Amino acid sequence: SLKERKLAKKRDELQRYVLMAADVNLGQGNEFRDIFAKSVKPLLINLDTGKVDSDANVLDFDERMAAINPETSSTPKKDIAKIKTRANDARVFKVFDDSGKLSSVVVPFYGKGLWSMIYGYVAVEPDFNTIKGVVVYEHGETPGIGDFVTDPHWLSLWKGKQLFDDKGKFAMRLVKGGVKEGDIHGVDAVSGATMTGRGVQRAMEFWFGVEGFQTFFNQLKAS
C-alpha cells in the first residue's frame, strides 16, 4: 500500500512531465490526469527493432530497474552518455492534439553530466527532428553550477531547435558565443557550467543515435 502511494505519486509526476514536454496545457486541479488519459498513448517499444512490446502496466514500468537487469539489458557499443548498460525496451509517449492528429512523441533520455546521471524527457514533432520541449527532472550536479538543467528558463531554449542536419546526422551543440534565433542547432551554454551542458548534449546524441530511438523513429516514418 505504501507501494501504491509511491507509484501513484510517480505516475502523477510522470504525466505532468510528459504533458509539459509536449507543450499540452495541464489544466487546473487534477485535470492533467484526464488530459493525459485522452491525449497520450504510452508505449513500451523494443529499442533494437522499434517494435511495440506488451506490458500490463506501462505507466508503472520501472526503467531504472530494466536497464540493470542482465536479462532485459545490454552494454552499448558506443557508450556516449556513459550509462554503462542499456535496457532493451524503452517507454515512449505518443501525444495527440484535440483534432486527434499526432502532436509529438515524448521519449526518455538520460546520461552522465559531470558528476551525476541526469534524467529527462524530450518531445519531438512528427518530423522527428524539431524539438517540442525538453524537461529535466533529476540530477546530482553541483547546485549553483550544474543545477541549471532543471531551470525552465534554460529548458525553454530547446523549443524549436532541431536534432539533425540534412545529412541526418545529430547536430545539436551547446554554444558559449551567444546563440542567435537562426542557429537552429544551437543552445545557450551556461557559463561556468559547461561540462554539465556537454553531458546533456551527449545524452541526446546517444538516445537519438543508432543505439537509441533512431530505429523506432524510422519505423514510424514508414508506417
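UniProt's entry tags residues 113–211 with the feature "domain: FMN-binding" (unreviewed entry), counted in the numbering of this structure. Regarding residues 113–211, the helix share stands at 18% and the strand share at 22%, and the terminal C-alpha atoms are separated by 19 Å.

For the rest of this paragraph, the subject is the packing of aromatic side chains. Scanning the entire structure with this criterion turns up 18 aromatic pairs. Between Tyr121 and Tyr137, the ring centres sit 5.5 Å apart and the planes meet at 25°, which makes this aromatic pair stacked. Residue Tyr121 is found in strand β7 (residues 117–124), and its partner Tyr137 is found in strand β8 (residues 131–138); the two are separated by 16 residues along the sequence. Judged by its relative accessible area of 4%, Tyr121 is buried. An angle of 85° between the planes, with centres 6.4 Å apart, marks the rings of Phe164 and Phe170 as edge-to-face. Here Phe164 matches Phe170 in class, with each residue buried. Its guanidinium or amino end placed over the ring of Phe32, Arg16 lies 5.4 Å from that ring's centre, counting from NZ or CZ. One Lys or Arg, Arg64, reaches over the ring of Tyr119 and ends 3.5 Å from the middle of that ring.

A word on unusual backbone geometry. For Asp23, which is not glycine, the phi torsion reads 60° and is therefore positive. By the secondary structure assignment, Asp23 is in the loop between α1 (2–21) and α2 (31–39). Positive phi values are uncommon outside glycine, yet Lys82 reaches one of about 55°. With respect to the helices and strands, the residue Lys82 is situated in the loop between β3 (73–74) and β4 (86–87). On the accessibility criterion, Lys82 (43% relative accessible area) is partly exposed.

Rules used throughout
- In this view, residue numbering begins from 1 on each chain in the order the sequence is written and may differ from the entry, while residues that lack coordinates are not shown.
- Side-chain numbers come from the whole structure's heavy atoms, not from hydrogens or water.
- UniProt positions are given in the numbering used here, feature names are shortened, and annotations may be inferred rather than shown by experiment.
- Secondary structure elements are taken from DSSP: a helix is a run of H or I of four residues or more, a strand is a run of E of two residues or more, and numbering for both begins at the N terminus.
- Between rings of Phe, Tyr and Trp, where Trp is taken as its six-membered ring, a pair exists when centres lie within 6.5 Å; planes separated by under 30 degrees are stacked, by over 60 edge-to-face, and by other angles tilted.
- Throughout, exposure labels follow a simple rule: accessible area from a 1.4 Å probe, protein chains only, divided by the maximum for the residue type, with under 20% read as buried, over 50% as exposed, and the rest as partly exposed.
- Only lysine NZ and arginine CZ atoms are considered, and such an atom sits over a ring when it is within 6 Å of the ring centre and within 35 degrees of the ring normal.

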